[PDB]
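Residues 29 to 48, 53 to 62, 69 to 124 (full-length UniProt numbering) are what the sequence shown spells out, left to right.
We put the CB at the ideal spot given by N, CA and C, even for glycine.
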Amino acid sequence: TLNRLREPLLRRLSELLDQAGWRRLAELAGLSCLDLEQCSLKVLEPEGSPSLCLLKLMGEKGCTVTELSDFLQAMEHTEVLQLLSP
């Protein structure tokens, strides 16, 4: 479960997501608009990350590191399907 990995892992995973994206991820899985705002407003905090907020939130909801990969794969695979759609 995502909110239960060690800080280095979670921290490492979140900043990598902080460049791309977390709204697409969040959108692909589902978790609501107002749930996401807690996350969006993280950016106001000098060092803060919405992805960190998002992953912990996803963790709490019951997401494993294998469900996460399922999502990121789908994210990759629907980006192209989108890009080649009329």
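Please determine, among the options, the residue with the shortest C-alpha to C-alpha distance to residue i.
i: residue 74; options: 55, 83 and 82; result: 55
Under 7 Å Cβ to Cβ from residue i, same chain only, skipping five residues before and after it: list those, please.
i: residue 88; result: 54, 77, 78, 80 and 81
i: residue 86; result: 80
Might you give, ordered along the chain, the residues of its own chain that have their beta carbon closer than 8 Å to the beta carbon of residue i, omitting 5 neighbours on each side?
i: residue 133; result: Any property of residue 133 remains undetermined from this structure, which presents the chain solely from 29 to 124.
What residue range does the alpha helix (DSSP H) around residue i cover?
i: residue 75; result: 71–78
i: residue 37; result: 35–45
i: residue 81; result: Run containing residue 81: none; DSSP gives neither H nor E here.
i: residue 90; result: 88–99
i: residue 107; result: 103–121
i: residue 56; result: 54–60
Kindly list the residues whose CB is nearer than 6 Å to the CB of residue i, restricted to its own chain and excluding five residues on each side of it in sequence; keep chain order.
i: residue 101; result: 30
i: residue 98; result: 31
Below 8 Å on the Cβ atoms is my guess for residue i versus residue j; work out the distance and round it to an integer in Å.
i: residue 112; j: residue 60; result: 6 Å
Three or more C-beta pairs below 8 Å linking the region 86–101 and the region 35–47: yes
The region 94–103 contacting the region 31–40, beta-carbon criterion three pairs below 8 Å: yes
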